[PDB]
Amino acid sequence: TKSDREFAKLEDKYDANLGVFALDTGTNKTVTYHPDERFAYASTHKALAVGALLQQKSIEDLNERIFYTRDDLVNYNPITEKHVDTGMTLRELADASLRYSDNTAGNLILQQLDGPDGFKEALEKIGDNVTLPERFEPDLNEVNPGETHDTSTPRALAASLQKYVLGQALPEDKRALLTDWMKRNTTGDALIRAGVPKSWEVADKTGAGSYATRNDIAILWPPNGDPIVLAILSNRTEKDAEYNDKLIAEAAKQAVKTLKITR
């Protein structure tokens, strides 16, 4: 299609491979591009894992202080390194995971869910039969082409994010906590946020992994419109390649442009 041609031009421009799924939640109309192709989800899963944590814990239960050690620290611990000698509450861990992409926080949350296997069960319970958690951080970020561990698709990540942020997977109070953390993410300004109008509110979670995997999943609230779900995943040929955030911003801009046509 003509929209396909526009996404293909971005692939050529950035020497990369794109996966896009956008949904207007008012009409159920979509924009797709490789929507059922698997990509390493990288840290985008952290949003879904906090959704699952919120299904398992009351809000007051989020005050539980979790104790961990230097042996739990992995490769990117911006918040958790500072608290190894103090512990962190589950609320604090969710904040760190979602707003900073802290990998030790992400692992501690996975442990609350009974690991990748328990996280997968939680996703299956919301009807996600596509996302396939297997590993902890940091290994989950490295997926060789054709492998399926720690992968999902644009369509499925969008569907699961929608269920948690906009649908009935959580009560309203917990839904608002998740929404607030994702709205106040620190890591996504160059991605979907940079490609959509500045008047829109955005709740997003980024990812980065091997093969220049560079992802962003989001809920968007136009001021005078229905919420939009947007998942953009990408990768490149070489395991050690470097991603370009501008690919994701431009793909978001195109997704919005195409959705406009049929609204």
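When a residue number appears, it is its place in the shown sequence, counting from 1. These values consider heavy atoms only, across backbone and side chains, with no hydrogens, waters or symmetry-generated copies.
- Formation of a donor-acceptor pair under 3.5 Å by the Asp150 side chain with backbone atoms of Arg135 is found in this model.
- Note: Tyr68 OH to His83 NE2 = 6.5 Å, rounded to the nearest 0.5 Å.
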> Under the side chain to side chain contact (heavy atoms under 4.5 Å, CB included) criterion, do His45 and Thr131 qualify, and how do the steps go?
Replying inline: CA-CA 9 Å; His45 82 277; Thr131 302; 5.9 Å; no
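- Taking every heavy atom of both residues into account, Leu113 and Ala49 meet most closely at CD1-O, 3.6 Å.
- With hydrophobic clusters built from ILVMFWY side chains whose heavy atoms lie under 4.5 angstrom apart, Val74 does not share a cluster with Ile66.
- Checked options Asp36, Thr32, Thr30; the residue passing with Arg155 is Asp36 (criterion: side-chain hydrogen bond (donor to acceptor under 3.5 Å, both in side chains)).
- Judged by a 6.0 Å distance limit and a 45° cone about the ring axis, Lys205 is not positioned over the six-membered ring of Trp181.
- The side chain to side chain donor-acceptor pair (under 3.5 Å) check on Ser160 picks up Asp128, with sequence neighbours excluded.
- Using a 4.5 Å heavy-atom cutoff, the side chains of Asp216 and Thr44 are not in contact.
- The NZ atom of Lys125 sits 14.5 Å away from atom NZ of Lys163, with the distance rounded to the nearest 0.5 Å.
- Side-chain polar atoms of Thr1 and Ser3 form a donor-acceptor pair below 3.5 angstrom.
- Electrostatic pairing of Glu137 and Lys46 counts as a salt bridge here, judged by a charged N lying under 4.0 Å from a carboxylate O.
- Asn107 and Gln111 share no side-chain donor-acceptor pair at under 3.5 Å.
- Smallest separation of non-hydrogen atoms from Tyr164 and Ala169: CD2-CB, 3.7 Å.
- Looking only at side-chain heavy atoms (C-beta outward), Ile217 and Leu230 stay at 4.5 Å or farther from each other.
- Under a hydrophobic clustering in which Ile, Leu, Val, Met, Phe, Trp and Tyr are joined whenever their side-chain heavy atoms come within less than 4.5 Å, directly or via other members, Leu140 and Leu161 fall into the same cluster.
- Here the CG-CG distance, from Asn17 to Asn235, works out to 5.0 Å after rounding to the nearest 0.5 Å.
- For the pair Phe7 and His34, the minimum side-chain heavy-atom distance is 4.5 Å or more.
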>> Please evaluate residues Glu64 and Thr89 with respect to the criterion side chain to side chain contact (heavy atoms under 4.5 Å, CB included), reporting the C-alpha separation (whole Å), side-chain torsions for both, the decisive distance (0.1 Å), and the verdict.
In response: CA-CA 5 Å; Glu64 178 189 353; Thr89 68; over 6 Å; no
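- Between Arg91 and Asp95, no side-chain nitrogen of the basic residue sits less than 4.0 Å from a carboxylate oxygen of the acidic one, so the salt-bridge criterion is not met.
- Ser152 places a side-chain heavy atom less than 4.5 Å from the side chain of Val130.
- Using a 4.0 Å cut-off between a side-chain N of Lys or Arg and a carboxylate O of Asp or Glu, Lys2 and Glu6 do not qualify as a salt bridge.
- With a 4.5 Å cut-off on side-chain heavy atoms, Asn215 and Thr213 count as touching.
- Transitive grouping of hydrophobic side chains (ILVMFWY, heavy atoms separated by less than 4.5 Å) brings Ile228 and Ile192 into a common cluster.
- For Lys9 and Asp4, the salt-bridge test fails: no basic side-chain N is under 4.0 Å from an acidic carboxylate O.
- Residues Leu177 and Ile109 fall within the same hydrophobic cluster, defined by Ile, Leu, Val, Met, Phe, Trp and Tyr side chains chained together at heavy-atom separations under 4.5 Å.
- Within the structure, side chain to side chain donor-acceptor pair (under 3.5 Å) pairs that include any residue of residues 247-263 comprise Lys13-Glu250, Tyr14-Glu250, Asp24-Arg263, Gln254-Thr258 (at least two apart or interchain).
- At least one donor-acceptor pair closer than 3.5 Å links the side chain of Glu11 to the backbone N or O of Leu18.
- Residue pairs that meet the salt bridge (charged side-chain N to carboxylate O under 4.0 Å, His left out) test with at least one member in residues 227-243, sequence neighbours left out, are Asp15-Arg236.
- At distances below 3.5 Å, not a single donor-acceptor pair connects side-chain atoms of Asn103 with backbone N or O atoms of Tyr76.
- Here the closest non-hydrogen pair linking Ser43 and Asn141 is N-OD1, 4.0 Å.
- With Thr151 contributing its side chain and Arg38 its backbone, the two residues share no donor-acceptor pair below 3.5 Å.
- Remark: side-chain polar atoms of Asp139 are not paired, donor with acceptor, to backbone N or O of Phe136 under 3.5 angstrom.
- You'll find the side chain of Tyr211 reaches within 4.5 Å of the side chain of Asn144, heavy atoms only.
- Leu233 and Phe39 get closest at one heavy-atom pair: CB-CG, 3.6 Å.
- A donor-acceptor contact under 3.5 angstrom links the side chains of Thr80 and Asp102, judged on distance only.
- Shown here for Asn185 and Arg99, the closest heavy-atom pair between the two residues is OD1-O, 3.2 Å.
- Distance alone, capped at 3.5 Å, places no donor-acceptor pair between the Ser97 side chain and the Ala94 backbone.
- If you check the side chains of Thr206 and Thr187, you find a donor sitting under 3.5 Å from an acceptor.
- No hydrogens or angles considered: a donor-acceptor pair under 3.5 Å links the side chains of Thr104 and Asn77.
- Counting all heavy atoms, side chain and backbone alike, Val143 lies closest to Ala40 at CG2-CB, 3.7 Å.
- Annotation: side chain of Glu81 is not in contact with side chain of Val84 (no heavy-atom distance under 4.5 Å).
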> Is there a side chain to side chain contact (heavy atoms under 4.5 Å, CB included) between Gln56 and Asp61 once you walk through the steps?
Replying inline: CA-CA 9 Å; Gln56 300 184 2; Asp61 283 338; over 6 Å; no
>> With side chain to side chain contact (heavy atoms under 4.5 Å, CB included) as the criterion, how do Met182 and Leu178 come out once you've worked through the C-alpha distance, each side chain's angles and the decisive distance to 0.1 Å?
In response: CA-CA 6 Å; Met182 295 186 68; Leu178 179 60; 4.0 Å; yes
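- Using modelled atom types, one side-chain atom of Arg193 and one backbone atom of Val202 make a donor-acceptor pair closer than 3.5 Å.
- One N or O on the side chain of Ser234 and one on the backbone of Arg214 form a donor-acceptor pair closer than 3.5 Å.
- No continuous path of ILVMFWY side-chain contacts below 4.5 Å connects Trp221 to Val31, so the two sit in separate hydrophobic clusters.
- Between the CD1 atom of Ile219 and the CD atom of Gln162 there is a distance of 6.5 Å, given to the nearest 0.5 Å.
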